Amino acid sequence: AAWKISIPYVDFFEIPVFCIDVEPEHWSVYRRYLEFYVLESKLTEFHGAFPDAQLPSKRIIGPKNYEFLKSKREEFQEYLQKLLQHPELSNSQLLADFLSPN
């Protein structure tokens, strides 16, 4: 996974979602706030616990706030980006699955 990702915006599934563009091959995937936290949970389970690569404290929000997802947009982007930089994860199906279309 020498993949490049960005989270240009947050969108709606009608339900506010993160839109991730992935790189010349390209596509986008839609991920719910919660989906990130289970990703991090599982990844940490099978691969350890990369400092630097840390999701912010999970908020005890309810569906649905748009503006809140908008604000975490950058942090979440940084997370995935720093994730992709570690090896060991370069072969994680978990990560790959997370980043695959829709």
# chains A, B, ... in the order shown; residues from 1 in each chain; ligands from 1
>>> residues_around(residues="stretch 17-31 of chain A", least_positions_apart="3", cutoff="10 Å", atoms="only C-alpha atoms", output="PyMOL selection string")
chain A and resi 2-14+34-36+64-66+69-70+72-73+76-77+98-102
>>> select_by_dssp(residues="chain A", states="helix (DSSP H, G or I)", output="PyMOL selection string")
chain A and resi 33-47+66-85+89-91+93-98
>>> closest_residue(among="A:57, A:62, A:46, A:41", to="residue A:15", atoms="only C-alpha atoms")
A:62
>>> residues_around(residues="residue A:51", least_positions_apart="5", cutoff="12 Å", atoms="only C-alpha atoms", output="number ranges by chain")
A: 40, 44, 56, 79, 82-83, 86
>>> select_by_dssp(residues="chain A", states="strand (DSSP E or B)", output="list in words")
residues 5, 6, 7, 8, 9, 10, 11, 12, 16, 17, 18, 19, 20, 21, 22, 27, 28, 29, 30 and 31 of chain A
>>> write_last_selection(atoms="C-alpha atoms", output="mmCIF file, in the first residue's frame")
data_model
loop_
_atom_site.group_PDB
_atom_site.id
_atom_site.type_symbol
_atom_site.label_atom_id
_atom_site.label_comp_id
_atom_site.auth_asym_id
_atom_site.auth_seq_id
_atom_site.Cartn_x
_atom_site.Cartn_y
_atom_site.Cartn_z
ATOM 1 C CA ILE A 5 -5.656 9.302 0.371
ATOM 2 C CA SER A 6 -7.523 12.472 1.219
ATOM 3 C CA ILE A 7 -10.776 13.360 2.936
ATOM 4 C CA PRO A 8 -11.940 16.298 0.790
ATOM 5 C CA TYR A 9 -15.316 16.607 2.428
ATOM 6 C CA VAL A 10 -18.013 15.100 4.583
ATOM 7 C CA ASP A 11 -21.160 14.045 2.798
ATOM 8 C CA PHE A 12 -24.541 12.425 3.371
ATOM 9 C CA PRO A 16 -23.324 12.405 7.660
ATOM 10 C CA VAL A 17 -20.351 10.473 6.250
ATOM 11 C CA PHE A 18 -16.680 10.968 5.456
ATOM 12 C CA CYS A 19 -15.852 10.901 1.739
ATOM 13 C CA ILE A 20 -12.397 9.488 1.041
ATOM 14 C CA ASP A 21 -10.677 9.897 -2.323
ATOM 15 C CA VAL A 22 -8.035 7.305 -3.045
ATOM 16 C CA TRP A 27 -11.960 6.027 -6.476
ATOM 17 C CA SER A 28 -13.789 7.140 -3.362
ATOM 18 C CA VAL A 29 -15.073 5.340 -0.316
ATOM 19 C CA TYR A 30 -17.683 6.472 2.204
ATOM 20 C CA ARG A 31 -17.002 5.813 5.876
#
>>> closest_residue(among="A:52, A:58, A:78, A:97", to="residue A:37", atoms="only C-alpha atoms")
A:58
>>> closest_residue(among="A:53, A:38, A:32, A:45", to="residue A:85", atoms="only C-alpha atoms")
A:53
>>> atom_distance(atom1="atom CA of residue A:94", atom2="atom CA of residue A:1")
12.0 Å
>>> decode(residues="stretch 4-52 of chain A", atoms="C-alpha atoms", output="PDB file, in the first residue's frame")
ATOM      1  CA  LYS A   4      -2.490   8.101  -1.380  1.00  0.00           C
ATOM      2  CA  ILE A   5      -5.656   9.302   0.371  1.00  0.00           C
ATOM      3  CA  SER A   6      -7.523  12.472   1.219  1.00  0.00           C
ATOM      4  CA  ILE A   7     -10.776  13.360   2.936  1.00  0.00           C
ATOM      5  CA  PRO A   8     -11.940  16.298   0.790  1.00  0.00           C
ATOM      6  CA  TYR A   9     -15.316  16.607   2.428  1.00  0.00           C
ATOM      7  CA  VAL A  10     -18.013  15.100   4.583  1.00  0.00           C
ATOM      8  CA  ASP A  11     -21.160  14.045   2.798  1.00  0.00           C
ATOM      9  CA  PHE A  12     -24.541  12.425   3.371  1.00  0.00           C
ATOM     10  CA  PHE A  13     -25.853   8.885   2.869  1.00  0.00           C
ATOM     11  CA  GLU A  14     -29.442   9.670   3.857  1.00  0.00           C
ATOM     12  CA  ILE A  15     -26.610  10.335   7.720  1.00  0.00           C
ATOM     13  CA  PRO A  16     -23.324  12.405   7.660  1.00  0.00           C
ATOM     14  CA  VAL A  17     -20.351  10.473   6.250  1.00  0.00           C
ATOM     15  CA  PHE A  18     -16.680  10.968   5.456  1.00  0.00           C
ATOM     16  CA  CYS A  19     -15.852  10.901   1.739  1.00  0.00           C
ATOM     17  CA  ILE A  20     -12.397   9.488   1.041  1.00  0.00           C
ATOM     18  CA  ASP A  21     -10.677   9.897  -2.323  1.00  0.00           C
ATOM     19  CA  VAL A  22      -8.035   7.305  -3.045  1.00  0.00           C
ATOM     20  CA  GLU A  23      -5.267   7.387  -5.653  1.00  0.00           C
ATOM     21  CA  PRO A  24      -3.327   6.954 -12.247  1.00  0.00           C
ATOM     22  CA  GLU A  25      -6.034   4.855 -10.504  1.00  0.00           C
ATOM     23  CA  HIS A  26      -8.668   6.473  -8.300  1.00  0.00           C
ATOM     24  CA  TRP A  27     -11.960   6.027  -6.476  1.00  0.00           C
ATOM     25  CA  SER A  28     -13.789   7.140  -3.362  1.00  0.00           C
ATOM     26  CA  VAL A  29     -15.073   5.340  -0.316  1.00  0.00           C
ATOM     27  CA  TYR A  30     -17.683   6.472   2.204  1.00  0.00           C
ATOM     28  CA  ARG A  31     -17.002   5.813   5.876  1.00  0.00           C
ATOM     29  CA  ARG A  32     -19.099   6.474   9.001  1.00  0.00           C
ATOM     30  CA  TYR A  33     -17.499   8.120  12.042  1.00  0.00           C
ATOM     31  CA  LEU A  34     -17.835   4.859  13.974  1.00  0.00           C
ATOM     32  CA  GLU A  35     -16.188   2.814  11.224  1.00  0.00           C
ATOM     33  CA  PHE A  36     -12.884   4.620  11.890  1.00  0.00           C
ATOM     34  CA  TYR A  37     -12.935   3.632  15.536  1.00  0.00           C
ATOM     35  CA  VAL A  38     -13.522  -0.017  14.818  1.00  0.00           C
ATOM     36  CA  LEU A  39     -10.756   0.150  12.261  1.00  0.00           C
ATOM     37  CA  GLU A  40      -8.398   1.565  14.840  1.00  0.00           C
ATOM     38  CA  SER A  41      -9.540  -0.966  17.391  1.00  0.00           C
ATOM     39  CA  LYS A  42      -8.995  -3.976  15.178  1.00  0.00           C
ATOM     40  CA  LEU A  43      -5.747  -2.611  13.744  1.00  0.00           C
ATOM     41  CA  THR A  44      -4.363  -2.107  17.183  1.00  0.00           C
ATOM     42  CA  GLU A  45      -5.525  -5.628  18.049  1.00  0.00           C
ATOM     43  CA  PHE A  46      -3.546  -7.335  15.303  1.00  0.00           C
ATOM     44  CA  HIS A  47      -0.664  -4.898  14.814  1.00  0.00           C
ATOM     45  CA  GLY A  48       0.113  -3.042  18.045  1.00  0.00           C
ATOM     46  CA  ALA A  49      -0.391   0.618  18.819  1.00  0.00           C
ATOM     47  CA  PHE A  50       1.331   3.202  16.722  1.00  0.00           C
ATOM     48  CA  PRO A  51       1.766   6.471  18.574  1.00  0.00           C
ATOM     49  CA  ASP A  52       1.506   9.400  16.140  1.00  0.00           C
TER      50      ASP A  52
END
